[PDB]
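Given next are the chains, with one letter for each unit.
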Amino acid sequence: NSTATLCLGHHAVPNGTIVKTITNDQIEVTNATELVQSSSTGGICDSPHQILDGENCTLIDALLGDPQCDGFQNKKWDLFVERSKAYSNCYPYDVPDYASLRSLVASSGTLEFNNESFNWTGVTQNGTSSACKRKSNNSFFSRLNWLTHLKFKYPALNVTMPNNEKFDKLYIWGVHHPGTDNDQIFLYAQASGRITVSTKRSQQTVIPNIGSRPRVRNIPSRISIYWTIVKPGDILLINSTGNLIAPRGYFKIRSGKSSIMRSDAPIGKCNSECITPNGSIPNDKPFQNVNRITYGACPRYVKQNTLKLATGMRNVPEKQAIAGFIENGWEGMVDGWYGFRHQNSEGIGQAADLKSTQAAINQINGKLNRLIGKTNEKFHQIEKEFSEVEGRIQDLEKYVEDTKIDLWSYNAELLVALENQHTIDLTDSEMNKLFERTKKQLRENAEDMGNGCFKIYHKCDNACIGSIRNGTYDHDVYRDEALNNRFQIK
Amino acid sequence: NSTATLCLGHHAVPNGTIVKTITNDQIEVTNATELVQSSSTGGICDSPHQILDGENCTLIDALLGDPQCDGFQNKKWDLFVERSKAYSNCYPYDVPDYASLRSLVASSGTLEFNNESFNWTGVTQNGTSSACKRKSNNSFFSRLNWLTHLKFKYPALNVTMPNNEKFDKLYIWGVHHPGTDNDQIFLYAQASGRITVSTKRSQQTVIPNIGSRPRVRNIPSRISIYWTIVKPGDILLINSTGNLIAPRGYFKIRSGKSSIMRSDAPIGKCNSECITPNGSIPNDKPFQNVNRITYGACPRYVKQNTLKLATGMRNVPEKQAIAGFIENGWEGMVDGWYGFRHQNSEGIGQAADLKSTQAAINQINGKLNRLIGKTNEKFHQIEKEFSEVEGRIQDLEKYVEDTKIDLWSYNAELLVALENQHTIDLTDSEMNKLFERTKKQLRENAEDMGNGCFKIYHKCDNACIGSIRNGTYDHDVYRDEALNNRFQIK
Amino acid sequence: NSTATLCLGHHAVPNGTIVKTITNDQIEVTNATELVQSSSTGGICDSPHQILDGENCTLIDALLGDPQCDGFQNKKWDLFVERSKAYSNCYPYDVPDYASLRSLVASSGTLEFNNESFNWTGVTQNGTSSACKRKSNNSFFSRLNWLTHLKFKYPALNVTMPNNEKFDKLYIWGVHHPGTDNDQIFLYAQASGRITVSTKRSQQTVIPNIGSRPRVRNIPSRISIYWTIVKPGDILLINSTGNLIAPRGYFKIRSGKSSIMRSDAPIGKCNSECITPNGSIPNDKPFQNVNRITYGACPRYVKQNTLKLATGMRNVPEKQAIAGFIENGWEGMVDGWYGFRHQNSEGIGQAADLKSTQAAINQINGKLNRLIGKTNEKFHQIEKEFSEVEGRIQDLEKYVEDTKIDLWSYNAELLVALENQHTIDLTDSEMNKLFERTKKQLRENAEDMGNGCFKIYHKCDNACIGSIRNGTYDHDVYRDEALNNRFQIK
Ligand SMILES: *[C@@H]1O[C@H](CO)[C@@H](O[C@@H]2O[C@H](CO)[C@@H](O[C@H]3O[C@H](CO)[C@@H](O)[C@H](O)[C@@H]3O)[C@H](O)[C@H]2NC(C)=O)[C@H](O)[C@H]1NC(C)=O
Ligand SMILES: *[C@@H]1O[C@H](CO)[C@@H](O[C@@H]2O[C@H](CO)[C@@H](O[C@H]3O[C@H](CO)[C@@H](O)[C@H](O)[C@@H]3O)[C@H](O)[C@H]2NC(C)=O)[C@H](O)[C@H]1NC(C)=O
Ligand SMILES: *[C@@H]1O[C@H](CO)[C@@H](O[C@@H]2O[C@H](CO)[C@@H](O[C@H]3O[C@H](CO)[C@@H](O)[C@H](O)[C@@H]3O)[C@H](O)[C@H]2NC(C)=O)[C@H](O)[C@H]1NC(C)=O
Ligand SMILES: *[C@@H]1O[C@H](CO)[C@@H](O[C@@H]2O[C@H](CO)[C@@H](O)[C@H](O)[C@H]2NC(C)=O)[C@H](O)[C@H]1NC(C)=O
Ligand SMILES: *[C@@H]1O[C@H](CO)[C@@H](O[C@@H]2O[C@H](CO)[C@@H](O)[C@H](O)[C@H]2NC(C)=O)[C@H](O)[C@H]1NC(C)=O
Ligand SMILES: *[C@@H]1O[C@H](CO)[C@@H](O[C@@H]2O[C@H](CO)[C@@H](O)[C@H](O)[C@H]2NC(C)=O)[C@H](O)[C@H]1NC(C)=O
Ligand SMILES: [C]C(=O)[N][C]1[C]([O])[C][C@]([O+]#[C-])(C([O])=O)O[C]1[C]([O])[C]([O])[C][O]
Ligand SMILES: [C]C(=O)[N][C]1[C]([O])[C][C@]([O+]#[C-])(C([O])=O)O[C]1[C]([O])[C]([O])[C][O]
Ligand SMILES: [C]C(=O)[N][C]1[C]([O])[C][C@]([O+]#[C-])(C([O])=O)O[C]1[C]([O])[C]([O])[C][O]
Ligand SMILES: *[C@@H]1O[C@H](CO)[C@@H](O)[C@H](O)[C@H]1NC(C)=O
Ligand SMILES: *[C@@H]1O[C@H](CO)[C@@H](O)[C@H](O)[C@H]1NC(C)=O
Ligand SMILES: *[C@@H]1O[C@H](CO)[C@@H](O)[C@H](O)[C@H]1NC(C)=O
Ligand SMILES: *[C@@H]1O[C@H](CO)[C@@H](O)[C@H](O)[C@H]1NC(C)=O
Ligand SMILES: *[C@@H]1O[C@H](CO)[C@@H](O)[C@H](O)[C@H]1NC(C)=O
Ligand SMILES: *[C@@H]1O[C@H](CO)[C@@H](O)[C@H](O)[C@H]1NC(C)=O
Ligand SMILES: *[C@@H]1O[C@H](CO)[C@@H](O)[C@H](O)[C@H]1NC(C)=O
Ligand SMILES: *[C@@H]1O[C@H](CO)[C@@H](O)[C@H](O)[C@H]1NC(C)=O
Ligand SMILES: *[C@@H]1O[C@H](CO)[C@@H](O)[C@H](O)[C@H]1NC(C)=O
Ligand SMILES: *[C@@H]1O[C@H](CO)[C@@H](O)[C@H](O)[C@H]1NC(C)=O
Ligand SMILES: *[C@@H]1O[C@H](CO)[C@@H](O)[C@H](O)[C@H]1NC(C)=O
Ligand SMILES: *[C@@H]1O[C@H](CO)[C@@H](O)[C@H](O)[C@H]1NC(C)=O
Ligand SMILES: *[C@H]1O[C@H](CO)[C@@H](O)[C@H](O)[C@H]1NC(C)=O
Ligand SMILES: *[C@H]1O[C@H](CO)[C@@H](O)[C@H](O)[C@H]1NC(C)=O
Ligand SMILES: *[C@H]1O[C@H](CO)[C@@H](O)[C@H](O)[C@H]1NC(C)=O
């Protein structure tokens, strides 16, 4: 007796978690949170982005007007979703630079189409085919006009359409490649010649090529699809003597945040900002390992499947006389992160220190605020999966994406290691500061026992201990008693 | 009396600035400096890079030799500046892969042209047009030679030009697409056929296509422009029966640091290393938010419009008995960053500590030296703005640039937060070190009062205090007096 | 006498090395290690990757079956090495999009070829040329079949080959462009017409173009090479009336980690994971400045030619009474990094502290483990050197690579500065912790002399000093003696 003990300490928990810092590959802390999103619901939420499910139609089929795609006429989207099951069911066609037409329409985000009255004097309009049935009748692409001879004549077409609007017009047109010379004459009444579609700023000349291709839906012929954008004040000129699959008008072309994604995920009635081909994913976390293909406010794609951010201090078991923080945590300290234990004339007691606890918690919450719920939006990007071998351009698309992902993965690894080191440092610092504050209060009335405790060399009852904890302890009151006890001969 | 007080402290200023660190989203420091350049003069400085202002000419117009561009013949540049007002005023033309020819000429940095004597036996040379007037006379592109029939014959051309130089030759040539069959015969005396331009390593065959395009400067015909590079030891071969717009010789093609930029900024008589389309910008700062398009030694483009680097310590107001640094700065400390305040028999005094002040200043100046005036040069890059919709290739160019900017923006954000944390840490450290040095000098002659001051338990006049400040205080001299005062019963 | 001195200290070495930290551009440490690989042996090791040395053959020559490349038939590779000396020695040819065919074959990693029996009824097969000698006889590309007229007839070919396999087939074919009309008739018995090669999903039509090109190996004609990939369930259709250089079958096309590299480095009998055009390089270091072109588990390319990672503490010379660590290292401390020096009744002694030494060494070894021998593999990428001027696509390839390298170079610079600062901090910390532990043990029996030493105010013989070093010193045993000595009047 005639003395008291005051220990400074911090909490510990029975179920700590392992994180990485700059100092340690593995260090156990009291708590952590995951920064890599690794699951999806598996459905694409239909809100808040405007989703257009292609069903059996690709975007290009919906553009040309395949009859199974008639329900898509004039629709808009933020995200057009193309399904793996999609198939063409009209005249067999190809699109030189298909990927680019798909991209530009996808990014435009609209199928709005305005009919125009082209002057097709001297030919038959509206050719149809049993390969393109609409309501069980022979038909054709809705937005295209198959012109054939009239009374066994096909006079040279030289047809104009000015753009007197204040917006751009996108024209889609085609060239028919007949299977045989017999079809050429049957359809156009004369041998094939070139088609030239021009503006003041552009020209495209295409040669029809007669010949059998392998039959697709029993058709050995083909249509090749082309496009032309016409600016305000410019003029579309179409020049042909046959084989022309004419436009019926133009598509509006807009700019904004629209895109296209390949996915078989079902569309759900729900709300989620981030879309991936695997489904929508929560965007609370800064990183994700679900898919490199994303649309909307999304976490950044990284290679790691987990990155744990420390949200508490180092977790240190209790050693099995009271003792302080030196190689020792306090599992029984449940109402604070830091505090005091004492032994005096009135017993052994514990109290949490609110200031130090709140200081650590505030700083941790600060870094959570920077990292959680702070994702940025991206929209139309580049393609990142490919169904065909292409060489140079695809090599570059792949390398650009690989490069980006490795750089982000590195940033994520370093960021978490740095933040975790800072959390360990700031929580260690709050303990050290509390110890030093207490040391300073006690002046010459106590000695440091080396275990995170002070031996107070005077009687220090519950109110006295509370005065130390509260910062109102007056060392002068006890100094005579303390010095006598400290510097006595034994 | 019989004692003195010695406080350690640091300065504070009335007008501090807010910065970000790893610990704090907002912390006030005594001073900071801006690391993002956000303004431009608005003019492109004509020094130290060689500027060529295109005025009404695009580079390609200057290459072909549009008469309004005659003043550009043979000129070189570091940066060719194309103006939005530029317009063609010669025969209407297009360039398949215009962007590439523009790029390669821009990067080459020269319009040097060497005439060669091609053997055009049997045709008429130097065709002209009222669509391409030079000094009010019908004329044509200076570097091109419009060949037409001679005496209603156009014999098959098969013309050679060896490269016996030790450098590459760039040839620019064309194909004339006449508006009508009548023009074809009037000009070339026979029906159109293909043109083949070849070397030992390459071949290009082009088909003239007769037909009306929309009139441009009253001309429904077109010229399509092509290019061929011929290596030393190789041979250009030109094979044609009409429609050939022949080269008059070759352009030198060089390699170096030349580029091209679209800008309407006026050119000024001034000197600046970094050029953007908005004008030249100072390059003292490591980052800039003026334009992603740059030429020369330029700060790196980031999305942030401000990033403040701390250049002083935490700014802490004075609490309103002398007191030291514990939650308290000294606004009256104007000749140093750190120092001493004392109270003794002779009054209350202040003195700056030079060593600690210079230590902080030196470290801050060190990081300024790494960050300020250290930009790196870039020259010809990729295009970053586009006037036409193109799809795939443009999608990739845009994504590469977006990717780069987001990565640099992240680096900039982290760098400044890390540096600012280090500045706060190093300035706090200098204060702590000064306090600890002083504590060690004083030995058993003083006690820590907890407010950044020592109670010195002996008479310590001005010279004595100075001895402490100077590091020459001899604790043994005063220890008997001090111990008697410290360990007295009161 | 009646007292002892105990100093805490750390080692120093006579040959320290300069590194960079966040605090200091240059600080000398006791040791460092290089993180940038800057040399190569100069040979490409033939293990563990499967190397195929092209010798005089490009990959495309080996594909087509140039007779000097016959030894390559059906071979596979991880890395195909093309030599600058390589040359074609068969019929002169070109490949529109050569770079892409080269890339896709390179990435596929196999020349496996399966013959098929095409129905060439009505034509002569196996045309040969003195321009393509095999064992001194006129011959031709092994994988191609030069068809010519039979009995002065060349009937219209319309030939099919179904893919009934479960893998893709790559077909290589060509179009012959004869030098003259005489050759056209001599070979094909009629005027030239188009060739169409099609599948259910693709069509390619090519026009033979008659004309002299500059002679290559005395041949003014040319063959243009094309390719077609045919999926399971699809069908190749070949439609021609002449000028067809027919396939003899197909190449397997595989996917995996194969690539191609341009290098003149000799191939050696050795084992190395990382290949560059300069030769194989060790992959222990995380970065390298040898070549941006790499294959395998390679350090990342950076611009720096050296980055030194500190592997020891700050190196501080000995000041020329024992003294501790304050501005002073101990060159004579050779069995530990940290330790104790003492002066007592029995002499002056030194002992290393094992715990502190091992703590620093362990942490440094930890960071070495993260950085050394941890490279990641990359395989087929993009090309990074170019022999011809191309404009837009090449501009983008170059910019993507420059962008990547600058970002990695920045990461490397920051990483090393951060790690070195952490090493300085952790080694300084071990010294400070040892001093503080000792202070705590000594309680009221010693005073801090300010030079990293304690004055112990009692007789403290060798065993006593050892008790302090061992952590078993009992301050209570000596406290009466120590207090009497400390607080005596002199
Ligand atoms: C060039 O060769 C092609 C492949 O041999 C050939 O296409 C094939 O044509 C046959 C006959 O028309 C089709 O077979 C059809 O046979 C009966 C005809 O009564 C139909 O009822 C069936 O539906 C059946 O399809 C093949 O389908 C077709 N093969 C392919 C791959 O398309 C071309 O006809 C040939 N071209 C010329 C100009 O002769
Ligand atoms: C194919 O159709 C084109 C568009 O209708 C047409 O071009 C137009 O030609 C007319 C008549 O030459 C031009 O009008 C000109 O009329 C008088 C003629 O005396 C001139 O003095 C005027 O300057 C005026 O320009 C149009 O300008 C022109 N329109 C366009 C868009 O180019 C072609 O002539 C037609 N082609 C053929 C082969 O008939
Ligand atoms: C179009 O012009 C070409 C270039 O003038 C020309 O090619 C040249 O043809 C000559 C004559 O055949 C070749 O010279 C050869 O002369 C004797 C003939 O007995 C040979 O023994 C020699 O080996 C020698 O090569 C040139 O080599 C050749 N030049 C080039 C660059 O290829 C074409 O023949 C011309 N085309 C037409 C259709 O006339
Ligand atoms: C583009 O249209 C023009 C104008 O109709 C065509 O020009 C003529 O075509 C007919 C039949 O081929 C000739 O009888 C006329 O003599 C031609 N000239 C004129 C001035 O009418 C032209 O053929 C068309 N071009 C293409 C490629 O289809
Ligand atoms: C390339 O030039 C050659 C050589 O002049 C041309 O060859 C001939 O052209 C004339 C007229 O068309 C014929 O009478 C000759 O019989 C051809 N052969 C020779 C050996 O002279 C050829 O037409 C030119 N090719 C092109 C595409 O313009
Ligand atoms: C593709 O093959 C078909 C079928 O052999 C060719 O068609 C004919 O060719 C001959 C001679 O040119 C004509 O007499 C026939 O009347 C054509 N039709 C049919 C049904 O046999 C065709 O020419 C070939 N196409 C090409 C571009 O070579
Ligand atoms: C447009 C036209 O012409 N169409 C026709 C129809 O109507 C019918 C038929 O039958 C056979 C189908 O449907 O298919 O046909 C057609 C045509 O003519 C053909 O197909 C072409 O090839
Ligand atoms: C080269 C030539 O030829 N040129 C000519 C001239 O001289 C004149 C005229 O008028 C009509 C003009 O100028 O334009 O014309 C020309 C030509 O011929 C034409 O134009 C083409 O188309
Ligand atoms: C395939 C064929 O035809 N081949 C031939 C041979 O046999 C021989 C000769 O001589 C001349 C050589 O070798 O070259 O020729 C040939 C051919 O014919 C030619 O060359 C083509 O041009
Ligand atoms: C762990 O940390 C997270 C983030 O602050 C928090 O939401 C969660 O409540 C914490 N868990 C516990 C058991 O304290
Ligand atoms: C799509 O096509 C499939 C297969 O023919 C058909 O069964 C299904 O009903 C179609 N779905 C829609 C939405 O039209
Ligand atoms: C349509 O074109 C014809 C033929 O060129 C022309 O004569 C006529 O003016 C046009 N018809 C109408 C209704 O404008
Ligand atoms: C998402 O889909 C991709 C692509 O098919 C697949 O590789 C990945 O494992 C999926 N991830 C999840 C979480 O479903
Ligand atoms: C603030 O910092 C900058 C950079 O060191 C310096 O140039 C400027 O003089 C400082 N301002 C003041 C008021 O000290
Ligand atoms: C460029 O063209 C404009 C418009 O015709 C003309 O007024 C101006 O003088 C021209 N400028 C130069 C530098 O030739
Ligand atoms: C020009 O070409 C002609 C026709 O091919 C040829 O005969 C003659 O040698 C050439 N003229 C000169 C001056 O070399
Ligand atoms: C520079 O020009 C760009 C492109 O027009 C514009 O977005 C930007 O606001 C300009 N910046 C400044 C500082 O003038
Ligand atoms: C220097 O550091 C490296 C890496 O730990 C080590 O391999 C080497 O032995 C050290 N050199 C000396 C002289 O200690
Ligand atoms: C390659 O060609 C050179 C030059 O003709 C020849 O001397 C050498 O033997 C050839 N090498 C091989 C491996 O065939
Ligand atoms: C080869 O093609 C010919 C001509 O088209 C055809 O008649 C015949 O069936 C084919 N020959 C064989 C052996 O199958
Ligand atoms: C490797 O080769 C490249 C390309 O030729 C050259 O720039 C570089 O200096 C070489 N490096 C070494 C270490 O040999
Ligand atoms: C096709 O053109 C005809 C003129 O033949 C026109 O009356 C009709 O509206 C168009 N549409 C259909 C479905 O026939
Ligand atoms: C054009 O060629 C002629 C030969 O007709 C030549 O004398 C003259 O120098 C050339 N230039 C001009 C401007 O006529
Ligand atoms: C070429 O085709 C012939 C038929 O003419 C066939 O017998 C032979 O195997 C083939 N190969 C060679 C080298 O002639």
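Along every chain, residue numbers run from 1 in sequence order, not necessarily as the entry numbers them; residues that have no coordinates are omitted. Chain labels run from A onward and ligand labels from 1 onward, assigned in the order the entries are written. Only hydrogens and water are set aside; all other atoms, that is, all heavy atoms of the structure, feed into the side-chain values.

Focus on the relation of the copies chain C and chain A
Note the threshold: Each copy is superimposed on the others by a least-squares fit restricted to its C-alpha atoms. Here a residue-residue contact requires only that any non-hydrogen atoms of the pair lie within 4.5 Å.
Of the transformation placing chain C onto chain A, the axial shift is 0.0 Å and the rotation is 120 degrees, giving an RMSD of 0.0 Å. Within this description, the copies of the chain are treated as partners about a three-fold rotation axis. Of every C-alpha in chain C, the one belonging to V400(C) sits nearest the axis of rotation, 4.0 Å from it. A low fraction, 16%, of the interface residues of chain C reappear at the interface in chain A, so the copies pair through non-equivalent surfaces.

Comments concerning the site of ligand 19
Applied cut-off: One heavy atom within 4 Å of a molecule or strand makes the whole residue count as near it. Definition of a polar contact: a pair of N or O atoms within 3.5 Å, with one able to donate and the other able to accept a hydrogen when the atoms are protein atoms, and with sequence-neighbouring residues admitted only if both atoms are side-chain atoms.
Taken together, the neighbourhood of ligand 19 is formed by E55(C), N56(C) and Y87(C). One of the side-chain N or O atoms of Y87(C) is found 3.2 Å from an oxygen atom in ligand 19.

A look at the interface of chain C and chain A
Filter applied, for reference: Summed over both partners, the accessible surface that disappears when two parts come together, traced with a 1.4 Å probe, is what is meant by buried area. For salt bridges, the criterion is a side-chain nitrogen of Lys or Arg within 4 Å of an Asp or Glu carboxyl oxygen. To qualify as a helix, a DSSP run of H or I must reach at least 4 residues; to qualify as a strand, a run of E must reach at least 2; elements of each kind are numbered from the N terminus.
Contacts between chain C and chain A engage 50 residues on the former and 51 residues on the latter. For chain C, the biggest contributors to the area lost against chain A are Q203(C), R370(C) and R443(C); these three give 16% of the whole. Two residues, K440(C) and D448(A), come together in a salt bridge whose shortest N-O distance is 2.7 Å. The interface formed by chain C and chain A contains 25 residue pairs in polar contact. Breaking the side of chain C that touches chain A down by element, the ones donating at least two residues are α2 (98-108), β19 (203-206), β21 (235-240), α4 (354-371), β34 (376-378), α5 (392-442) and α7 (475-486) of chain C.

Brief notes about the pattern of salt bridges
Definition in use: Between buried and exposed lies partly exposed: a residue is buried under 20% and exposed over 50% of the maximum accessible area for its type, with that area taken using a 1.4 Å probe on protein chains only.
Evaluation of the coordinates by the stated rule reveals 93 salt bridges over all chains. A salt bridge links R479(C) to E447(A), with the shortest nitrogen-to-oxygen separation between them at 2.8 Å. Here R479(C), found in helix α7, pairs with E447(A), found in strand β35 (residues 446-448), and the two come from separate chains. Classification of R479(C) by relative accessible area gives buried; the value is 7%. With a shortest N-O distance of 2.7 Å, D70(C) and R134(C) are connected by a salt bridge. Placement of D70(C) in the loop between α1 (59-64) and β8 (79-82) and of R134(C) in strand β12 (residues 129-134) is noted, with a sequence separation of 64 residues between them.

Details of the side chain of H458(A)
Residue and element names in this part refer to chain A. If you trace the backbone, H458 turns up in the loop between β36 (453-456) and α6 (462-470). Judged by relative accessible area, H458 falls into the buried class, the value being 0%. Polar side-chain contacts of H458 include one of 2.7 Å to the side chain of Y473. When sequence neighbours within four positions are dropped, the list of residues in contact with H458 reads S2, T3, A4, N445, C464, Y473, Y478, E481, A482 and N485.

Quick notes on the sheet that holds strand β29 (residues 295-298) of chain A
All names here are of chain A. For clarity, the cut-off: What makes two strands pair is DSSP finding at least two bridges between them. A fitted line through C-alpha atoms represents every axis, and for helices the fit uses only the stretch in contact; the resulting angles, taken between N-to-C directions, go from 0 to 180 degrees.
Overall, antiparallel pairing links the four strands, which are arranged β27-β26-β29-β34 in an open sheet. Looking at which strands have only one partner, the edges of the open sheet turn out to be β27 (279-281) and β34 (376-378). Averaged over all pairs of adjacent strands, the angle between their axes in this sheet comes to 35 degrees, without regard to strand direction. Where strand β26 (residues 274-276) and β29 come together, two bridges link them in antiparallel fashion. When the sheet's bridge partners are listed, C274 is paired in β29 with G296.

Some details on the site of ligand 15
All names here are of chain B. Defined as follows: Areas reported as accessible are Shrake-Rupley estimates using a 1.4 Å probe. Residue values count occlusion only from the protein chains shown.
In the vicinity of ligand 15, the residues found are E55, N56 and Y87. Between an oxygen atom of ligand 15 and a side-chain N or O atom of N56, the distance comes to 2.3 Å. Take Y87: an N or O atom from its side chain is 3.2 Å from an oxygen atom of ligand 15. Protein chains shield 32% of the accessible area of ligand 15, which is 360 Å² for the free molecule.

Observations regarding the state of the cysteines
This is how the line gets drawn: Note that a disulfide, as used here, is simply two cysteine sulfur atoms within 2.5 Å.
Scanning all chains against the criterion turns up 18 disulfides over all chains. Disulfide pairing places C460(A) opposite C464(A) at an S-S distance of 2.1 Å. An S-S torsion of about -95 degrees defines the bridge between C460(A) and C464(A) as left-handed. Overall, the relative accessible area of 1% leaves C460(A) in the buried class. At a sulfur-sulfur separation of 2.1 Å, the disulfide partner of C7(B) is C453(B). In this structure, the disulfide formed by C7(B) and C453(B) twists by about 95 degrees around the S-S bond and is classed as right-handed. Exposure class is identical for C7(B) and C453(B). Each is buried.

Description of the environment of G233(C)
Tracing the backbone shows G233(C) in the loop between β20 (222-230) and β21. Not counting the four nearest positions on each side in its chain, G233(C) is found in contact with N163(C) and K200(C).

Focus on the packing of helix α4 (residues 354-371) of chain B against helix α5 (residues 392-442) of chain B
Residue and element names in this part refer to chain B. What counts here: Angle categories: roughly parallel below 35 degrees, roughly antiparallel above 145, roughly perpendicular from 65 to 115, and oblique for all the rest. Handedness of a crossing is defined here by the sense of rotation of the near helix relative to the far one, left-handed for an anticlockwise turn of less than a right angle and right-handed for a clockwise turn. Note that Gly is not counted as nonpolar here; it falls among the polar residues with everything else outside the nonpolar set of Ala, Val, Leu, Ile, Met, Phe, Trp, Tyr, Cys and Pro and the charged set of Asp, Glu, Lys and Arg.
One way to put it is that α4 packs onto α5 with a least axis distance of 9 Å and a crossing angle of 165 degrees. Taken as axis vectors, α4 and α5 run roughly antiparallel relative to one another. The element α4 and its partner α5 pack so that their crossing is right-handed. Between α4 and α5, the residues in contact are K355, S356, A359, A360, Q363, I364, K367 and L371 and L415, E419, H422, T423, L426, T427, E430, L434 and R437, respectively. Taken together, the residues that form the contact of α4 with α5 break down as seven nonpolar, five polar and five charged.

Description of the packing of helix α5 (residues 392-442) of chain A against α5(C)
Close contact between α5(A) and α5(C) brings their axes to 12 Å; oriented N to C, the two are set at 20 degrees. Comparing their axes, α5(C) and α5(A) come out roughly parallel. Between α5(A) and α5(C) the crossing geometry is left-handed. When its residues are assigned to classes, the contact of α5(A) with α5(C) shows 15 nonpolar, six polar and six charged.

Description of the domain arrangement of chain A
All names here are of chain A. Note the following rule: Where a domain begins and ends is set by an automatic assignment or by a domain database.
What the domain assignment reports for chain A is domain 1 (1-49 + 266-490) and domain 2 (50-265). Taking only C-alpha atoms, the centre of domain 1 and the centre of domain 2 are 61 Å apart. Opposite the 20 residues of domain 1 that make contact, domain 2 presents 20 residues. Between domain 1 and domain 2 lies a buried interface of about 1,400 Å² when both sides are counted; carbon and sulfur atoms form 63% of it. On the surface where domain 1 and domain 2 come into contact, there are two salt bridges.

Some remarks on the sheet that holds strand β30 (residues 300-301) of chain B
Residues and elements named next belong to chain B. With respect to topology, three strands assemble into an open sheet ordered β5-β28-β30, the strand pairing being parallel. Looking at which strands have only one partner, the edges of the open sheet turn out to be β5 (36-37) and β30. Across two bridges, strand β28 (residues 287-288) lies against β30 in parallel orientation. Residue pairing in the sheet places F287 in a bridge with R300 of β30.

Describing α2(C)
Of all 11 residues in α2(C), eight are buried, a share of seventy percent or more. A positive phi of about 85 degrees marks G109(C), the residue just after α2(C).

Points about the packing of aromatic side chains
What counts, and what does not: Stacked, tilted and edge-to-face pairs are distinguished by plane angle, under 30 degrees for stacked and over 60 for edge-to-face with tilted covering the rest, among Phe, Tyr and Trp rings (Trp via its six-membered ring) whose centres lie within 6.5 Å. Two limits define a charge over a ring: the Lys NZ or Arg CZ must be within 6 Å of the ring centre, and within 35 degrees of the ring normal.
Evaluated as defined, the whole model comprises 60 aromatic pairs over all chains. Relative to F487(B), the ring of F487(A) lies with its centre 5.1 Å away and its plane at 65 degrees, an arrangement referred to as edge-to-face. Here the residue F487(A) occupies a position in the segment after α7 (475-486), and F487(B) occupies one in the segment after α7 (475-486), the pair thus bridging two chains. Taken together, the aromatic side chains of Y91(A), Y93(A), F140(A), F141(A) and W146(A) make up a single cluster linked through ring pairs. In this structure, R341(A) is placed above the aromatic ring of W330(A), and the distance from its NZ or CZ to the ring centre is 4.3 Å.

Some details on the interface of chain B and chain C
The partner chain C presents 51 residues to the 50 residues of chain B that form the contact. Surface buried jointly by chain B and chain C totals about 4,000 Å² across both partners, of which 52% is contributed by carbon and sulfur atoms. When the area that chain B buries against chain C is broken down by residue, the three leading residues are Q203(B), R370(B) and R443(B), summing to 16%. For the interface between chain B and chain C, the tally reads 11 salt bridges.

Quick notes on the pairing of β36(A)
Residue and element names in this part refer to chain A. In this structure, strand β1 (residues 4-10) lies alongside β36, joined through four bridges in antiparallel fashion. From the neighbouring strand, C7 faces β36, where its bridge partner is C453. Two elements, β35 and β36, share three bridges in a ladder whose sense is antiparallel. Counterpart to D448 in the pairing with β36 is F454. Taken together, β35 and the strand that follows it, β36, pair antiparallel across an intervening segment of four residues, in which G450 is found at a positive phi of about 85 degrees.

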